[PDB]
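# Whatever this is, show me its structure:
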Amino acid sequence: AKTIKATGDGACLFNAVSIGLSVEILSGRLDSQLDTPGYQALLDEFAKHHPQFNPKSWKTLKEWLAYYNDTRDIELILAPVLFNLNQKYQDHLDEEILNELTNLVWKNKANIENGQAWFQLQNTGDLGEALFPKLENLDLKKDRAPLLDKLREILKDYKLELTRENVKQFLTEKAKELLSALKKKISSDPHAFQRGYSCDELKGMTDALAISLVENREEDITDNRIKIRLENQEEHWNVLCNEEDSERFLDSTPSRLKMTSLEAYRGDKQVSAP
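Residues are numbered from 1 along each chain as shown. See the structure here:
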């Protein structure tokens with residue numbers, strides 16, 4: 001019944017998950033899963049992020065977690081890796097962005113063609129629902145203005161009557177490279193990495209890792225998977241870890257790393273191999 005404070009700066013949910021996951025890994029309780037596709041993908045992402053990680057094996061990954069065992073070091077070495085792995089498990093994000101871009105163009109085709117600014121566009125539907133929230137959270141100058149310019153170019157080839165279905169099919173066929181670029185920004189841009197995430201936004205990844213995230217003591221007694229128990233606060237998530245596990249598998253080494261969550265994510269400042 002020990003509350004472990006996770007760091008606020010960066011991807012706060014990912015910091016707490018990294019601490020909880022490290023306990024399950026180092027205790028051996030996930031050993032049966034380490035050869036499954038989810039843990040092979042985690043290993044691949046750990047190696048891609050850490051150039052001094054070698055050889056590429058779960059032995060080396062456990063060695064890194066045991067050497068860099070202060071919880072603040074664990075966040076720095078593992079939270080960026082989990083953030084990158086999560087992006088591989090967003091099977092419905094392409095459809096979501098296509099639907100956002102479809103709503104934008106369908107409700108604002110003439111506005112866009114006429115050179116109107118982002119604030120002048122209809123962004124709310126007939127039920128008061130947000131029509132393109134992920135697009136409107138992109139950077140106004142660097143992303144949203146170039147998006148409107150790009151849509152003006154693309155719409156020159158629009159040769160159908162204006163209906164939502166026609167817009168969606170047109171964008172599916174003719175805006176593939178734009179849609180791919182928007183997915184990268186929404187997945188990994190500055191705002192993407194420090195906005196604040198729900199646990200449901202990590203479900204694809206945690207499902208692949210055979211883990212259930214339990215938020216605020218709301219437990220599924222029919223779920224027999226390994227559980228990481230979390231508490232949600234402001235500028236902080238907490239991980240719950242039993243006292244025996246925390247004494248053995250966390251904070252067993254002095255803190256060794258001295259970089260910010262953002263420098264760790266960008267990844268240029270390499271972590272030294274043990």
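# domain ranges for this structure?
Here the domain parsing of the chain from automatic domain parsing is 2-90+197-266, 93-193.
# Can you list phi and psi of residue 195 for me?
phi -90, psi -40 (degrees, to the nearest 10).
# right, so the domains of the chain: which one is the most enclosed?
Of all these, domain 2-90+197-266 has the most neighbours on average by mean count of other C-beta atoms under 10 Å, namely a mean of 18. For every residue, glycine as well, the C-beta is placed using N, CA and C.
# Figure out the length between the terminal residues of that one.
32 Å (C-alpha to C-alpha, to the nearest Å).
# ditto for stretch 240-254
From its first residue to its last, stretch 240-254 covers 21 Å (C-alpha to C-alpha).
# For it, give me every contacting residue.
The contact list for stretch 240-254 (C-beta atoms under 8 Å, 6 or more residues apart in numbering) reads 1-4, 19-20, 22-23, 26-27, 66-71, 73-74, 229-231.
# among these, which are in helices?
19, 20, 22, 23, 26, 66, 67, 71, 73, 74 (DSSP state H).
# circling back: who wins for proximity to residue 272 among the domains of the chain?
domain 2-90+197-266 (6.1 Å; C-beta to C-beta).
# could you pull out the strands for the protein?
All strands of the chain, identified by DSSP state E, fall at 2-5, 211-215, 226-233, 236-241.
# Could I get those strands in JSON lines, plus columns for distance to residue 261?
Formatted as JSON lines, these follow (distance: least, C-beta to C-beta, whole Å):
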{"stretch": "strand 2-5", "distance to residue 261": "15"}
{"stretch": "strand 211-215", "distance to residue 261": "20"}
{"stretch": "strand 226-233", "distance to residue 261": "17"}
{"stretch": "strand 236-241", "distance to residue 261": "13"}
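# Compare those strands and give me the one nearest residue 111.
Nearest to residue 111, of all these, is strand 226-233, at 38.8 Å by C-beta to C-beta.
# Given that closest one, what are its sheet partners and their directions?
Strand 226-233 sits in its sheet next to strand 211-215 (parallel), strand 236-241 (antiparallel), going by DSSP bridges.
# Save those strands as JSON lines, and put in distance to residue 49 too.
As requested, these are exported to JSON lines (distance: least, C-beta to C-beta, whole Å):
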{"stretch": "strand 211-215", "distance to residue 49": "20"}
{"stretch": "strand 236-241", "distance to residue 49": "21"}
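# related to what we said a few turns ago, could the domains of the chain go into a markdown table alongside distance to residue 272?
What follows is the domains of the chain, written out as a markdown table (distance: least, C-beta to C-beta, whole Å):
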| stretch | distance to residue 272 |
| --- | --- |
| domain 2-90+197-266 | 6 |
| domain 93-193 | 24 |
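# For residue 273, which of those domains is the nearest?
Of these, nearest to residue 273 by C-beta to C-beta is domain 2-90+197-266, at 4.2 Å.
# so how far is the closest one off the chain centroid?
Taking C-alpha atoms, centre = their mean, to the nearest Å, one finds domain 2-90+197-266 lying 13 Å from the centre of the chain it belongs to.
# Stretch 253-270 now?
Offset of stretch 253-270 from its chain centre (C-alpha atoms, centre = their mean): 19 Å.
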